[PDB]
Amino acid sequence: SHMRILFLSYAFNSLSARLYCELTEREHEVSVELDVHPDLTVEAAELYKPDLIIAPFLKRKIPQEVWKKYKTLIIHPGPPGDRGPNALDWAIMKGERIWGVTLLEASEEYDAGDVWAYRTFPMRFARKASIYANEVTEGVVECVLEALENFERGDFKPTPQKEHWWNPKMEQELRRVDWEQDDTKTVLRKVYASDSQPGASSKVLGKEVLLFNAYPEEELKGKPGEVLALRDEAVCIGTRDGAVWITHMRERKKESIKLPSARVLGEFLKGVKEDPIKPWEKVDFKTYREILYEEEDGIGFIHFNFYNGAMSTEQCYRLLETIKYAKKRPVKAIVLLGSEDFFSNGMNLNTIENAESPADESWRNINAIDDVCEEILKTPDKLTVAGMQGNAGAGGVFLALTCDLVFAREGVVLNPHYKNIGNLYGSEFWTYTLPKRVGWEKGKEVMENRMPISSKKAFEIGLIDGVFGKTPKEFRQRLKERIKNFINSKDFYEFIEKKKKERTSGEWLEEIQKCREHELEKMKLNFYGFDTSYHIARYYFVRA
């Protein structure tokens, strides 16, 4: 029943984290070993002595020694028979309508072992990272549990492969976006297949770039490869039959990092102008909308789609303005939805790394995100709800904790800690927000744990107020009908009664102001003190 499971992964990536939660919270024992030289590999399997080895995420062969002695199951983001190291890249380039994930045995030939479990699913037209993080991740969880059942039963035999194919590593020539020859659909497919790594190569404004995060543009028209407009640092680029937005780019050099396009293109954008669209405007054609505000049934819904959940200083202020617009609206509740792939991951570490002074940009970013939290907290006459459709970590978790209610989809993974970014003290009113939910003893325990927890475990400990839904869309529906019932009851007014009283009294405003002050002083030491752990850890996070 209580198996001992050793993870071999290249990195402790999102799928490895999700599996870790699913098995850990089922009373199993999981050791994670980030694949090293095959020697530490053999030696660590010796020392740890597992019942079962999972490889959620490998980029090299497991030593024949190890898996001939321990049952070794490999995750493959393809249907049974699909072999190769870029399964999803190829599935998307080839326009596959149906795809799947396979759990197969380790063997001497790459991806040729017998199958222990698989799932199939209809393929969305979407970024690779998002297929991986939703359909692939969910399927892999089902496979592993099934294999765990088949294993503890001891009497299971895997299905040898039959029909099978090999797709080699994909070269950049196949990904290259050629603006004069490629229609919008072809550019979406190329960028989708390279998002978020390695990027689709291209030439923009004479500069050689990698493209990331593409959105079709249905209104603006021009010459293929022309930069039509700017919009919140994205650029709109003419294609063969229309236009496409690209929010993020990377120079094709070694030391450079993904940044907003306007920061990569920089001074080359002299001519082009901004083409704004408020989050509350209504628009009939497909365009790029970073933040979206929509009112349904007396509720204000704020969508914000910050690439990779990273919140730049500037994006914090765009969000704060949409919150201020909502608080002046005929709505009883205000729901922050993030995006379908992330709720939030706190400060944009890439825009911090890129700034002249990362400490100063770190100072701007933490104050801006604190200004968002403060605005949420000081909403005495309205209900506020955090809706975690996707994962969240570091400052993004505590952004959500400032809302009256925090709901999350099933499968959401949380990292309520700064153990990966140099032990930042954190802010976002966590000294107020966190103990009001779990007490100072547990809250500090939460922040000391570098391992993730599911939205399920977070609910159990009282960190959040409810988990439900299997998909983003389901979660959205159930969340709406749950908030809908509450503001249509006498409980809603008896709740604003208390909240109006406390959150306008001077003893509360000064309480929370002393919290923001105490946190920023610790964070100021983190950004400028002698101990440079935070800057060291940011450097490696951003260049991996």
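All residue numbers refer to positions in the sequence shown, first residue = 1.
- Between 41 to 49 and 25 to 33, the higher mean Cα B-factor belongs to 41 to 49.
- Mean CA temperature factor is higher for 423 to 431 when stretches 423 to 431 and 123 to 131 are set side by side in the entry.
- Out of 354, 107, 102, 312, the entry records its largest CA B-factor for 107.
- Per the deposited coordinates, the residue with the largest Cα temperature factor out of 15, 536, 523, 11 is 11.
- When the modelled residues of the chain are ordered by their C-alpha B factor, residue 185 lands in the middle third.
- Among all modelled residues in its chain, residue 286 ranks in the middle third by Cα B-factor.
- Among the modelled residues of the chain, residue 417 sits in the middle third by CA temperature factor in this PDB entry.
- For residue 259, the recorded CA B-factor ranks within the lowest third of the chain. Only modelled residues enter the ranking.
- Among all modelled residues in this chain, the alpha-carbon of residue 455 has a temperature factor (C-alpha) in the middle third.
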